[PDB]
Amino acid sequence: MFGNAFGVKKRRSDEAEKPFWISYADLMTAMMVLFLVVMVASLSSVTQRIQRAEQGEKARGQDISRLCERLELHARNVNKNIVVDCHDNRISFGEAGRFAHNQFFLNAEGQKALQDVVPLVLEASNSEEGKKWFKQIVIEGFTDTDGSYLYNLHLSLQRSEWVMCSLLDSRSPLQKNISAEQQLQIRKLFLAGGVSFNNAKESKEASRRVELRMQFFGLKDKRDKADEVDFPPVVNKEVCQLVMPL
Amino acid sequence: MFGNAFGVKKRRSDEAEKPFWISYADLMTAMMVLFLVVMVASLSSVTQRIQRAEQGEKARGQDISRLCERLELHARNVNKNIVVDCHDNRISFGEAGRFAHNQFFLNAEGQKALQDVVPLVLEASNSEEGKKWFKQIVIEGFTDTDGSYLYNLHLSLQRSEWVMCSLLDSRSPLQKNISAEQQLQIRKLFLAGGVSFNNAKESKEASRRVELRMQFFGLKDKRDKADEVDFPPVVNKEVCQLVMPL
Amino acid sequence: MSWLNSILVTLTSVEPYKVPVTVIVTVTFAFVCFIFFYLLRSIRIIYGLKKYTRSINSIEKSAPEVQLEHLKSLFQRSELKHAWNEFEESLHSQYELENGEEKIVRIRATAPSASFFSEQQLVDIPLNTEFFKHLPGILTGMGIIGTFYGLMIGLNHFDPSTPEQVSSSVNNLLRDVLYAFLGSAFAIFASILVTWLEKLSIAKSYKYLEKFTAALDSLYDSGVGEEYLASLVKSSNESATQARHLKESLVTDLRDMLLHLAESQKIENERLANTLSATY
Amino acid sequence: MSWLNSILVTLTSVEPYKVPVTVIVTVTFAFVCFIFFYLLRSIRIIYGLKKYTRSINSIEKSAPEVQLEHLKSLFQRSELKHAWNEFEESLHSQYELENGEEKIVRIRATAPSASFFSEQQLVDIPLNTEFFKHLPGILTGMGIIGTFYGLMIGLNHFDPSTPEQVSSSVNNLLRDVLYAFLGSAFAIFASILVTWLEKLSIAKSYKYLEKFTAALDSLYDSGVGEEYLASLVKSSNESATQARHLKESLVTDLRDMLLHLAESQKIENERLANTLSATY
Amino acid sequence: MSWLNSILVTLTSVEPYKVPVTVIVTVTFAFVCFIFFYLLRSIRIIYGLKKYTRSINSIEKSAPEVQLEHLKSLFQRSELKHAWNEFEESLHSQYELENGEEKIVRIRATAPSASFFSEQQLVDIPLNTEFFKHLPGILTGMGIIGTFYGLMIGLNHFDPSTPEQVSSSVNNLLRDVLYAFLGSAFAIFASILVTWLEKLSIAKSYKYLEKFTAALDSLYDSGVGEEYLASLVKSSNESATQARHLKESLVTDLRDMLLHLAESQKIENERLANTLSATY
Amino acid sequence: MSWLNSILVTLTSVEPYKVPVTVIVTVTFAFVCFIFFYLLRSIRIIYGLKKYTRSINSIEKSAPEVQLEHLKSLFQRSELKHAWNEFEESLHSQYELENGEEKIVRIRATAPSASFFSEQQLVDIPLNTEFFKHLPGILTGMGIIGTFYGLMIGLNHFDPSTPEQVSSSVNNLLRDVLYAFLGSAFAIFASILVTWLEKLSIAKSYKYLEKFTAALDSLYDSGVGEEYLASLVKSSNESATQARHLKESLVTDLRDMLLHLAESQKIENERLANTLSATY
Amino acid sequence: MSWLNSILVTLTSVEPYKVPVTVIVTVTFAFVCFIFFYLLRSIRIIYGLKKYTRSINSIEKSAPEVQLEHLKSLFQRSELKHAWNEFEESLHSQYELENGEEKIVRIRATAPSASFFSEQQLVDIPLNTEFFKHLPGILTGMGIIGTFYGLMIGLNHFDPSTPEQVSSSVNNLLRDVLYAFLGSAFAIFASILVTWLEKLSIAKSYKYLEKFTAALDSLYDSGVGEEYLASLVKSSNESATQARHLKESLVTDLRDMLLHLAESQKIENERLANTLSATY
Ligand SMILES: CCCCCCCCCCCCCCCCCC(=O)OC[C@H](COP(=O)([O-])OCC(O)COP(=O)([O-])OC[C@@H](COC(=O)CCCCCCCCCCCCCCCCC)OC(=O)CCCCCCCCCCCCCCCCC)OC(=O)CCCCCCCCCCCCCCCCC
Ligand SMILES: CCCCCCCC/C=C\CCCCCCCC(=O)OC[C@H](COP(=O)(O)OCCN)OC(=O)CCCCCCC/C=C\CCCCCCCC
Ligand SMILES: [Ca+2]
Ligand SMILES: [Ca+2]
Ligand SMILES: [Ca+2]
Ligand SMILES: [Ca+2]
Ligand SMILES: [Ca+2]
């Protein structure tokens, strides 16, 4: 009967977010971040030696690729006969390097290409990339498994000896375009010898070929100085001992 | 003034809990646990790969060392002039391996030791260590730095060819001693390498020498039929190419 | 305890795909219940409130009896039937005398119509808002349970023995948690949608309930008790003044009547004197 | 500090399985207490409200005294006994003098039935809603405590210090995490189940209490003070009117009596004149 | 289930950068909707409330009829027309008969203006504050969905098969985590900004609504019912005293008039005696 | 700047154990403050309410005055003394003229006792529930801050510069995480315990305050205003007939008195005529 | 997308140390705004309330007019001035004739003092509690935002190209996580400090406002309307009795005057008889 019309009531005051839940979300996010970053740091620490070795391997690959590309660019510029396989470090003279049956010489193009490529490879080896990663050059010999074994071995050995003669025989056209230091460098960077058997090609005429396969230091080799030897200055011109007239 | 003091009260509907920060906190709890588990699992796994690679490399090295040790023990048991160096994987000849000027054949002791070491190498490759790691054997020629370079190369290469013949010549005792399978295995193992000129100490007696070294598969190397060149069965005897009046 | 290991291997033996499908099916059934019992119900409530408001606005100019009968015929849904009955109890009909009869000339309001057509009675109880406002939290909790269950399935099957086992176990754990989070994300999306739909529906229900009660309030005027008190005060003052005026008028009339009586008795005394003189 | 290290070795010394077991057992105890003190109690309240509503509907068309006696005998549970006593105090009994005695002809409402059969007194206090609406939060927090303490155990065991025993540390960590998440998931499941049950029960309690108070409100009509004020205003107006008419009627009666007195005086005067003439 | 496997494989193959873009687009759309439907409307409501308050404060010292006409004109072309109509119904106009015409001399408040210009019908319903207090949570839920999904994608792609693959796996994982963190940072920033803006605007709205309803209450005074009751009590006491004094005054007047009538009768009878003596 | 690095060197220089100890100490101090200022206070309030209910349930059969002085002497608290004074102001004492004096016969309640012995005045303000309902959030925040600070210490200690130092660094960081989690777990356990006790105390206090006010409400009866209005209406209705009957009785008495006056005049003037005739 | 990468480069381009600095400075600015706009105002309000309570308690034993003047001069703040005006016009002043002018002898309370000096009017709106109760959540959210932003900067600038680049990037990531921990710790610390200060201030404000309104409530008594109605009922009964007694007294005294008139007429007629006898 005598109620107060002016009695007021509090509004619909919705409460705030409970601070615990947002703080807990903050803490859980911080913990998730901590575990992520600790995993990243730990994995980067355990494998840092592996990472450094892989980086060095990639750098060696880049240097070798650059040197091979420079050498093959020089070959393309100078002589079309010289084709370079940078994938597996092979110098090929396919058409000019064919060997007929039971002979160890080559046509004129074989010698032209060989005596043309030797100075180019010497120049490549004399560069800083060569002075850091280039070892001596291996002459590749190939023989088939048919017939008498030792006849094929003797044929390949005579082919290698003929290649080395042609590189370092008197009156050769290369000898007229060479200096003493370059001749010494050829003597140091080249060894003649090596035989192999393979069945990766469809024709037996392919095995009758010669190739240049340069090989490089490993990452942990790093040009052991004690391995290098020395030769005296040339006192008399070299003479090939294979039977040229045959 | 006309209202009633006995009126309804508590007209206040409770506010519902805000659920989304709760979801955020619980999902980050799950994510934090996931990241912790991935952290520990990834660290353990990477460490296990690293130690597995290290112990595999160590086991391969130990197998190589055991093979070299047993081969050297067998060499001592057979005949004493053999010199085996496990530190560089090289079997050399102490004195019987010497050579004189314009000479291309080992002495009687040298030929005897060369014939004796072959079955030891066959047994070494036969064993489990040989099957697991043993590569083909190359033959390296060594000669002084003096004289004609082509003369030295031809002489050393002739020495290597004569050694290979004595390995596989029909008149040699090996052919009448070994079987067809042993002959094929020798064909697979023994290869001719290059010529080296490691001249030191001004000792021509020990500089001009030939020794055989064995190579081994790497940890990452793969064994496949492409590299496994199979010689056909022997259908005719082999006569060597360098005749005695040479 | 062996009981804990047994229940763990029992719980975690379910296929990891059965967690998201269970969460999705449960959340979808809760969503369908929400749609049927709250969204459709509130849409019907809003439509009915709009129709009732239109009906009430059409009797603004009618006579009090006619519009009272119209409103009595209008309200037949049980909650609004009771609400209208109590509201009409609150209305105060004022009668006047015309042609020697008591008929209603004006109906006055004593309480606002929102007191009887209240938000509770007409919206909150029908929509079960005391329950359905907590549904988003329930959906979120179901999603969280699904994610935790998937994580538990992935963790129970983890094998850290060998590195290959470690990698496969990590893949399986991530796959199980991914299934579970599919279910959980569905739950959170449904929670968002339910929150939006619920809040919008309740806001519009309150809006059109306010419009309906506003239409009902405009028919009847409040403030009748103060008018009655003012009328009583005026009547008291007039009664005092009229008491004095009637006393004065009665005194005047009494004086006039006694003067008339004195004149009449004087005339009769003269007549008696004349008769006595005649008898002499 | 020796104290804190001793505290850690004491906490982490418990077997990890006792953590989810403790969480599950205590949360199940909380759920059982909720069922006993809130759910079954609310079911009993709802059934009682329905039965009371049925009883009230049976006396819709009875005499006010019979209705009052039936309701007094009906309400005997303590809180509804007090609520009914207060509500009956709110009711206004209108008496009329019939057959020489005062009899209750009508009982009028002055306040709504909800003012005494309030949601608070009849639902919220008997069900302890001020506590139970916070129970789901307590359950979720208990699950969270189990989660921290289980991960503390797991992090404590993780200390391999040797590549050979890393697998065992990882396995133990996974097991402890699995225990912690089992506890947390069970706690969250129980919290959402409690939320479902309590909100559904409270909604139903409010709905049926609304029906009960609506049944009580339909017995008695309100608006009696305004009717009394209207009667007073009409009484004042007719009182002024009756006063003026009584004054006029008194004046008229006074005039009639005075003319009758004049006639009697005339009769006496003429008789005196006749007597004097006879004597003379 | 084949469908679940297809859904999982398609959800695993989603580009990681698309999840933050979706989060950003959806949160930006929600923010634009917030600005359009809440913030601009709240600004308009606040400006309108201030304009109304200035209009009300301009008639503080005006005549009551002019005040009523000004307020009716102010609120009649508005959505507050019915609220003003009810408030004016709650106003009690006191009348005094001046120069033979009934004129409004004072207007008395019988109810606060907050009961008609309520917060719900002026602020809460227009602004949809029921929903928009949940929008920060909605944005938080979008953020957690996007973040968990992105982190799951990142962990699924992270699998270093060899120790040489650790670097690339770490780099790609960090990129995926960066995308997930971008999404969450945007969503939570928008959540906090929405909270700040809408809380500040709702505080301003409540403040200016209070200023408005206080300006309305400042115009008119309350307590007229107690004044009427006090007047009635005084009038009753004065009426008892008045009745006693009117009775006494009527008695005195009647005594005086009867004495005068007796004197007149004595004079008339003395004249009769003189006439009788003259007749002798 | 260098300021940030300098402070980070400063903060992360403390031993990891000092942080859980600080968290435990501060949380325990806040829990003790809760127990003292809130729990014991609420227990004292509950026992006081129980004691007060017993006394009121003891004067239920005493005379209204004796009840009134008993209740006045019973309430000696500042909040309850003021509440009792206001409630007694709300009570309407009815006086009837007995033995020539005004004596209280009945005391009537005009407002419910809870309007003065309310929850805010008797529970919420004494217990500072506006503060203590937010204490658990404060406790959990303290724990989270301690956990964060311990995490900074642990992360500052973590630096695996060598592949062989990775396991030791990871284990030490997990130990620091263990410390931080210990702080958080204790804080959250204490917060849950505080929430449980605080909610239970509120529920008990509200229940017992309801019992107390119900005991107070039962002492006095309401509805005095409607009874007064019914009495006033009856008095006006009877007063109309009283005025009519008083007027009729006055007219009848005047008729009888004037008839007696006429008879007396007849007798007296007959005696006058006889005496005059005899003397003539 | 190009847009996403451009956004990432633009956002990440800031220095890592600017994120903790931004979080700390923004949180400190929010804290300073809280201190200036909430804490200092609340302290001023509490001090003013205590001073007003002392002033009101000093004026208890003064005359009603002096109390009104003192209280009118006391309240000068705009909200306090409006509240006092509303309360004063809710107060009922009782006037009595002492002895030639209207003098206030008592002032009665027709409404609680808290109806006008309410928490909403005097504390909640001036303190902007509708915004400031959500500030701690904003502070914690800014901490979370800083965490996410700092990690975004760390992750985007990760450079895996070279091993020492990896080492520097990992160091930057660790520093960024430490920075995020520091910012979160500071944000949560300021949030809980704001919560503590805010809740303590609001509780003290409610306590002292209750004391102040209790001081006002003690100055005046309630129940004036029931007393007026009781006076009216007693006056009606006494008026019935007085009307009957006045009729009885009037008829008795009229009988007396008519007997006196008859006796005077008899005596005067005896004198007339003597005169007539003297005539003869
Ligand atoms: C770029 C896009 C990318 C992002 C996409 C996703 C977006 C996420 C954002 C999250 C939420 C933010 C929204 C903020 C704004 C809304 C606030 C509000 O209340 O607005 C006021 C306003 C109404 O109040 P008002 O201001 O007074 O307006 C005047 C009235 O219209 C007239 O006055 P009246 O009161 O007299 O009117 C009578 C009243 C009473 O009538 C009634 O009966 C209503 C009561 C019940 C309502 C029933 C409606 C049911 C509709 C079903 C679903 C429709 C679409 C759902 C979309 C989600 C699915 C993916 O009628 C209504 O109010 C009905 C209008 C409501 C329907 C809105 C139109 C439908 C969709 C909008 C079309 C535009 C496209 C935008 C993008 C689409 C999204 C992909 O509502 C709107 O118009 C809102 C529309 C804006 C967009 C809404 C988007 C939906 C959000 C749902 C969450 C998504 C979750 C994903 C689901 C997946 C599950 C697995
Ligand atoms: C409204 C949501 C609120 C907040 C949500 C936060 C983030 C959650 C979401 C989502 C995924 C990102 C959206 C991507 C849309 C792009 C569509 C398009 O343009 O192309 C059409 C596309 C062709 O592209 P693909 O062949 O798939 O390219 C593969 C490259 N690796 O074909 C289609 O028809 C559509 C395919 C859909 C792909 C994304 C599916 C996402 C669906 C729902 C998301 C729900 C949350 C995620 C939970 C995951 C738990 C397992
Ligand atoms: Ca109206
Ligand atoms: Ca009713
Ligand atoms: Ca005012
Ligand atoms: Ca009572
Ligand atoms: Ca008081």
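Every chain is numbered from 1, with letters handed out A, B, ... down the list of sequences.
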Side-chain touch [X]/[Y], heavy atoms, less than 4.5 angstrom:
X        : Y        : answer
F/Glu268 : G/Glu263 : no
F/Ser235 : G/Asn237 : yes
F/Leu8   : G/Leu178 : yes
F/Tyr228 : G/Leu232 : no
F/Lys133 : G/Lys199 : no
G/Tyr17  : F/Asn5   : no
F/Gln121 : G/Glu210 : yes
F/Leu272 : G/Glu270 : no

Whether over 12 other heavy atoms sit under 6.0 Å from F/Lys72 NZ: no
Part of [X] within contact of chain G (heavy atom distance under 4.5 Å):
X        : result
F/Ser249 : side chain
F/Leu91  : neither
F/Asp253 : both
F/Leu151 : both

Determine the option with the most heavy-atom pairs under 4.5 angstrom with chain F, choosing from [options].
options                                : answer
G/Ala180, G/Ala187, G/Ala185           : G/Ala185
G/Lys204, G/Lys234, G/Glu248, G/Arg175 : G/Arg175
G/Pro136, G/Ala230, G/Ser236           : G/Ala230
G/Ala203, G/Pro112, G/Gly225           : G/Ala203
G/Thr195, G/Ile188, G/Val21, G/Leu250  : G/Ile188
G/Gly223, G/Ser218, G/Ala109, G/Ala214 : G/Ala214

Find the one option among [options] whose heavy-atom pairs under 4.5 Å with chain G are most numerous.
options                              : result
F/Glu79, F/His245, F/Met1            : F/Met1
F/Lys247, F/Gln242, F/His260         : F/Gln242
F/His82, F/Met142, F/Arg108, F/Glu88 : F/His82
F/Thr12, F/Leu4, F/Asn128, F/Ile125  : F/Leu4
F/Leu246, F/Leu11, F/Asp124          : F/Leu246
F/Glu227, F/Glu238, F/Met152         : F/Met152

Under 4.5 Å heavy-atom distance to chain F, tell me which part of G/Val177 shows up: side chain, backbone, both or neither. both
Of the backbone (N, CA, C, O) and the side chain (C-beta and beyond), which part of G/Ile24 lies under 4.5 Å from a heavy atom of chain F, both, or neither? side chain
Euclidean distance, [Y] [atom2] relative to [X] [atom1], rounded to 0.5 Å:
X        : Y        : atom1 : atom2 : value
G/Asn269 : F/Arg271 : CG    : CZ    : 7.5 Å
G/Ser113 : F/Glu86  : OG    : CD    : 9.5 Å
G/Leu258 : F/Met257 : CG    : CE    : 3.5 Å
F/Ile7   : G/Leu182 : CD1   : CG    : 5.5 Å

Could you give me the CA-CA distance, side-chain angles and deciding distance for G/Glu119 and F/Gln120, then say whether side chain to side chain contact (heavy atoms under 4.5 Å, CB included) is met? CA-CA 12 Å; G/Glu119 278 148 12; F/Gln120 197 216 18; 2.3 Å; yes
Pairing donors with acceptors under 3.5 angstrom, does anything connect the side chains of F/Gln265 and G/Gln265? yes
Checking side chain to side chain contact (heavy atoms under 4.5 Å, CB included) for the pair F/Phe131/G/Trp196: CA distance, chi angles, key distance, verdict? CA-CA 8 Å; F/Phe131 170 77; G/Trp196 188 75; 3.4 Å; yes
Show the nearest heavy-atom pair for residues G/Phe181 and F/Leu155, with the distance to one decimal. CE2-CD2, 4.0 Å
Heavy atoms of G/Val233 and F/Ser231 approach each other most closely as CG1-OG, 3.3 Å
For G/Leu174 and F/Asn156: C-alpha separation, side-chain torsions, deciding distance, then whether side chain to side chain contact (heavy atoms under 4.5 Å, CB included) applies. CA-CA 9 Å; G/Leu174 291 168; F/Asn156 218 50; over 6 Å; no
Apply the test side chain to side chain donor-acceptor pair (under 3.5 Å) to residues G/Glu226 and F/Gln94: give CA-CA distance (whole Å), side-chain angles for both, the deciding distance (0.1 Å), then the verdict. CA-CA 10 Å; G/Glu226 279 85 6; F/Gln94 298 199 304; over 6 Å; no
Carboxylate-amine/guanidinium contact F/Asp256 G/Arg255, below 4.0 Å: yes
